[PDB]
Each structure stands twice: as C-alpha cells, then as structure tokens.
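Colleague: Have a look at this one before I ask anything.
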Amino acid sequence: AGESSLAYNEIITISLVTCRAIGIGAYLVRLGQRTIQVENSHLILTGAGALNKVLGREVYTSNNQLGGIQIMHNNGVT
Amino acid sequence: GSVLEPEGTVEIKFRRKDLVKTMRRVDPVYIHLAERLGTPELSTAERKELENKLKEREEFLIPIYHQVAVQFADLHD
C-alpha cells in the first residue's frame, strides 16, 4: 500500500477488477485511484454472512448488493 | 489482533465436522457410543439405538464447543 502510494505520486498506476477485490486488493485499487469494474463483480471487505449474523438477520443477500458496480459506480468508487 | 477476528474465523473454519472430530477425541459419552458401534456382531437394535444416541449427544453438546473453537482461533491472534 505505502509503496503504491509513493509510486502513485511518481509514475502511472492503473487497476482493473474483474470478479471481486477483497481486503488488500480493494485497498490498493482504490489507492491506485484509477479503477475499472466488470459487471457482476463485487468489492468488499467482510462477508454478508458475518454481518447478517451479528445483526441477527439476512440484511444483504449477495456481495454484489454490497460492492457491485450498482454501488461503487453509483457512489464514484468505481 | 488478526487478519480476521475470531467470530469470523469460526464462521469459515470451525464447522460441524470439526465438532464431531472434537467429541470423538474429548467427549467421553461420544467415545463410549463409538466404542460400542465399533463392535463386530451387533444387534440392529443396538446399532439403530447408537446412531440415535449419537445425534442426540451431538446436538445437546453443540453450545460449549463453539466457544471453545473461537477461543482457539483467537489464540493465534
């Protein structure tokens, strides 16, 4: 991450997310700033199961609900 | 501290299979049932009875063993 940040201030970085970027992958793409997201891919840190379990119900049904282009493109993350 | 906190660790890596494994190593009752089912020339009564006794033992046993599992995961962290 750090290297990528510095690198970013010095050279060109570009990143493409095809299926899903999890944890450090997500953070580096965002750090890379320039980000392409394939339809039906999703972009998350922690799984729907874990969150639903802590919250006592199936709030979310699909990781795409959480990180898909319908979220990140609609919020400018993608 | 961890890549993943213990509850989320258990969620992925401490399922039923592991519960069964754990009874067979540690639970005396489970051992006992298995010891008899592990006998040759058993009556179909004793066999069917043992399998039932096993399902009952396992489900009754379910609460404690989840906490032991999460504890175990956290100890890596």
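The chains in the structure tokens are called A, B, ... from first to last as shown; in each chain the residues are counted from 1, and the ligands are counted from 1 in the order shown.
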Residues of chain A were defined as contacting chain B if any atom lay at most 9 Å from it, counting only C-alpha atoms; please report them as a compact mmCIF listing (two decimals) with N, CA and C atoms, in the first residue's frame.
Modeller:
# COMPACT_ATOMS: atom_id res chain seq x y z
N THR A 46 -15.68 -7.66 4.27
CA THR A 46 -16.22 -8.69 5.18
C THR A 46 -17.54 -9.24 4.65
N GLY A 47 -17.75 -10.55 4.83
CA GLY A 47 -18.83 -11.22 4.13
C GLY A 47 -20.20 -11.05 4.77
N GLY A 49 -22.41 -13.05 5.36
CA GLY A 49 -22.76 -13.96 6.43
C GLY A 49 -22.40 -13.36 7.77
N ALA A 50 -21.15 -12.93 7.92
CA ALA A 50 -20.70 -12.34 9.17
C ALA A 50 -21.59 -11.17 9.57
Colleague: Can you check which residues of chain B DSSP gives as alpha helix (DSSP H) on the backbone and send them as an MDAnalysis selection string?
Modeller: chainID B and resid 6:13 16:26 28:37 44:74
Colleague: Taking 5 positions as the minimum chain separation for residues in the same chain, which residues sit within 12 Å of residue B:15 when counting only C-alpha atoms? Answer as a list in words.
Modeller: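 Counting only the stated atoms, we get residues 8, 9, 10, 20, 21, 22, 62, 65, 66, 69 and 70 of chain B.
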Colleague: Skip residue A:36 itself and residues of its chain fewer than 2 positions away, then list as a list in words all residues within 10 Å of it, counting only C-alpha atoms.
Modeller: residues 14, 15, 16, 17, 18, 29, 33, 34, 38, 39, 69, 73, 77 and 78 of chain A
Colleague: With N, CA and C atoms kept, could you save the residues just selected as a PDB file, in the first residue's frame?
Modeller:
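Result saved to part_12.pdb:
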ATOM      1  N   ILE A  14      -2.592   1.846 -12.902  1.00  0.00           N
ATOM      2  CA  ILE A  14      -3.986   1.620 -13.287  1.00  0.00           C
ATOM      3  C   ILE A  14      -4.390   0.222 -12.841  1.00  0.00           C
ATOM      4  N   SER A  15      -5.669   0.048 -12.483  1.00  0.00           N
ATOM      5  CA  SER A  15      -6.095  -1.243 -11.976  1.00  0.00           C
ATOM      6  C   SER A  15      -7.473  -1.633 -12.485  1.00  0.00           C
ATOM      7  N   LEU A  16      -7.621  -2.929 -12.756  1.00  0.00           N
ATOM      8  CA  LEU A  16      -8.881  -3.497 -13.233  1.00  0.00           C
ATOM      9  C   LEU A  16      -9.377  -4.666 -12.384  1.00  0.00           C
ATOM     10  N   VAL A  17     -10.591  -4.526 -11.868  1.00  0.00           N
ATOM     11  CA  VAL A  17     -11.255  -5.505 -11.015  1.00  0.00           C
ATOM     12  C   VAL A  17     -12.316  -6.289 -11.773  1.00  0.00           C
ATOM     13  N   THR A  18     -12.126  -7.599 -11.856  1.00  0.00           N
ATOM     14  CA  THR A  18     -12.857  -8.466 -12.763  1.00  0.00           C
ATOM     15  C   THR A  18     -13.972  -9.220 -12.057  1.00  0.00           C
ATOM     16  N   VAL A  29      -6.448  -0.909  -5.084  1.00  0.00           N
ATOM     17  CA  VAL A  29      -7.067  -0.405  -6.308  1.00  0.00           C
ATOM     18  C   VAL A  29      -7.556   0.983  -6.042  1.00  0.00           C
ATOM     19  N   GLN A  33      -6.417   4.516  -7.562  1.00  0.00           N
ATOM     20  CA  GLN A  33      -7.362   5.560  -7.864  1.00  0.00           C
ATOM     21  C   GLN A  33      -8.104   5.198  -9.124  1.00  0.00           C
ATOM     22  N   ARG A  34      -7.361   4.927 -10.175  1.00  0.00           N
ATOM     23  CA  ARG A  34      -7.967   4.592 -11.446  1.00  0.00           C
ATOM     24  C   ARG A  34      -8.362   3.141 -11.486  1.00  0.00           C
ATOM     25  N   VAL A  38     -15.716  -4.715 -13.626  1.00  0.00           N
ATOM     26  CA  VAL A  38     -16.526  -5.512 -14.520  1.00  0.00           C
ATOM     27  C   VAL A  38     -17.886  -5.752 -13.887  1.00  0.00           C
ATOM     28  N   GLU A  39     -18.920  -5.729 -14.715  1.00  0.00           N
ATOM     29  CA  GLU A  39     -20.267  -6.027 -14.266  1.00  0.00           C
ATOM     30  C   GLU A  39     -20.282  -7.389 -13.582  1.00  0.00           C
ATOM     31  N   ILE A  69     -20.997  -2.807  -9.117  1.00  0.00           N
ATOM     32  CA  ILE A  69     -20.981  -1.522  -9.802  1.00  0.00           C
ATOM     33  C   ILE A  69     -22.223  -0.731  -9.437  1.00  0.00           C
ATOM     34  N   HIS A  73     -20.191   2.339  -8.611  1.00  0.00           N
ATOM     35  CA  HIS A  73     -20.331   3.214  -9.758  1.00  0.00           C
ATOM     36  C   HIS A  73     -21.318   4.309  -9.423  1.00  0.00           C
ATOM     37  N   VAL A  77     -16.887   5.330  -6.390  1.00  0.00           N
ATOM     38  CA  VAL A  77     -15.773   4.464  -6.028  1.00  0.00           C
ATOM     39  C   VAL A  77     -15.163   3.796  -7.258  1.00  0.00           C
ATOM     40  N   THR A  78     -15.997   3.385  -8.203  1.00  0.00           N
ATOM     41  CA  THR A  78     -15.549   2.861  -9.487  1.00  0.00           C
ATOM     42  C   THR A  78     -15.486   3.956 -10.539  1.00  0.00           C
TER      43      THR A  78
END
Colleague: Using only C-alpha atoms, pick whichever of B:60, B:73, B:6, B:53 has the shortest atom-to-atom distance to residue B:34.
Modeller: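 When distances to residue B:34 are compared using only C-alpha atoms, the smallest one comes from B:53.
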Colleague: Per DSSP on the backbone, filter chain A down to the residues in strand (DSSP E or B) and report them as a PyMOL selection string.
Modeller: chain A and resi 15-17+20-22+35-37+42-44
Colleague: Go ahead and save the residues from that selection, with N, CA and C atoms, as a short mmCIF file (atom, residue, chain, number, x, y, z; two decimals), in the first residue's frame.
Modeller:
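Below is the file part.cif, written as the result:
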data_model
loop_
_atom_site.label_atom_id
_atom_site.label_comp_id
_atom_site.auth_asym_id
_atom_site.auth_seq_id
_atom_site.Cartn_x
_atom_site.Cartn_y
_atom_site.Cartn_z
N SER A 15 -5.67 0.05 -12.48
CA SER A 15 -6.10 -1.24 -11.98
C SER A 15 -7.47 -1.63 -12.48
N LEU A 16 -7.62 -2.93 -12.76
CA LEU A 16 -8.88 -3.50 -13.23
C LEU A 16 -9.38 -4.67 -12.38
N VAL A 17 -10.59 -4.53 -11.87
CA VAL A 17 -11.25 -5.51 -11.02
C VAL A 17 -12.32 -6.29 -11.77
N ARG A 20 -13.83 -9.99 -7.98
CA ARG A 20 -14.02 -9.34 -6.70
C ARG A 20 -12.65 -8.96 -6.18
N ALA A 21 -12.55 -7.81 -5.54
CA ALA A 21 -11.35 -7.43 -4.82
C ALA A 21 -11.65 -7.35 -3.34
N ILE A 22 -10.90 -8.14 -2.60
CA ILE A 22 -11.04 -8.30 -1.18
C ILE A 22 -9.79 -7.84 -0.45
N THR A 35 -9.66 2.97 -11.61
CA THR A 35 -10.29 1.73 -11.26
C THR A 35 -11.37 1.36 -12.27
N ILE A 36 -11.25 0.15 -12.83
CA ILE A 36 -12.26 -0.42 -13.72
C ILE A 36 -12.95 -1.60 -13.07
N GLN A 37 -14.27 -1.69 -13.20
CA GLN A 37 -15.04 -2.72 -12.51
C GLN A 37 -15.94 -3.43 -13.50
N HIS A 42 -17.84 -7.79 -7.47
CA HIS A 42 -18.18 -7.06 -6.25
C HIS A 42 -16.96 -6.80 -5.38
N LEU A 43 -17.08 -5.77 -4.55
CA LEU A 43 -15.94 -5.13 -3.91
C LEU A 43 -16.21 -4.93 -2.42
N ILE A 44 -15.63 -5.80 -1.60
CA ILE A 44 -15.99 -5.88 -0.19
C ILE A 44 -14.80 -6.31 0.64
#
Colleague: Would you pick out the contacts of residue B:56 at 12 Å or less, using only C-alpha atoms, so that residues sharing its chain but fewer than 6 positions from it are not included, and give the list as a list in words?
Modeller: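 Returned residues: residues 29, 30, 33, 49, 50 and 62 of chain B.
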Colleague: Just write the chosen residues, C-alpha atoms, as an mmCIF file, in the first residue's frame.
Modeller:
data_model
loop_
_atom_site.group_PDB
_atom_site.id
_atom_site.type_symbol
_atom_site.label_atom_id
_atom_site.label_comp_id
_atom_site.auth_asym_id
_atom_site.auth_seq_id
_atom_site.Cartn_x
_atom_site.Cartn_y
_atom_site.Cartn_z
ATOM 1 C CA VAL B 29 -20.015 -40.280 26.044
ATOM 2 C CA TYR B 30 -19.310 -39.932 22.345
ATOM 3 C CA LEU B 33 -21.125 -44.780 21.798
ATOM 4 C CA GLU B 49 -30.063 -47.069 19.036
ATOM 5 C CA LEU B 50 -26.421 -45.991 18.974
ATOM 6 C CA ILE B 62 -23.473 -28.030 20.476
#
Colleague: Could you work out how far atom CA of residue A:28 lies from atom CA of residue A:9, giving the answer in Å with one decimal?
Modeller: 13.9 Å
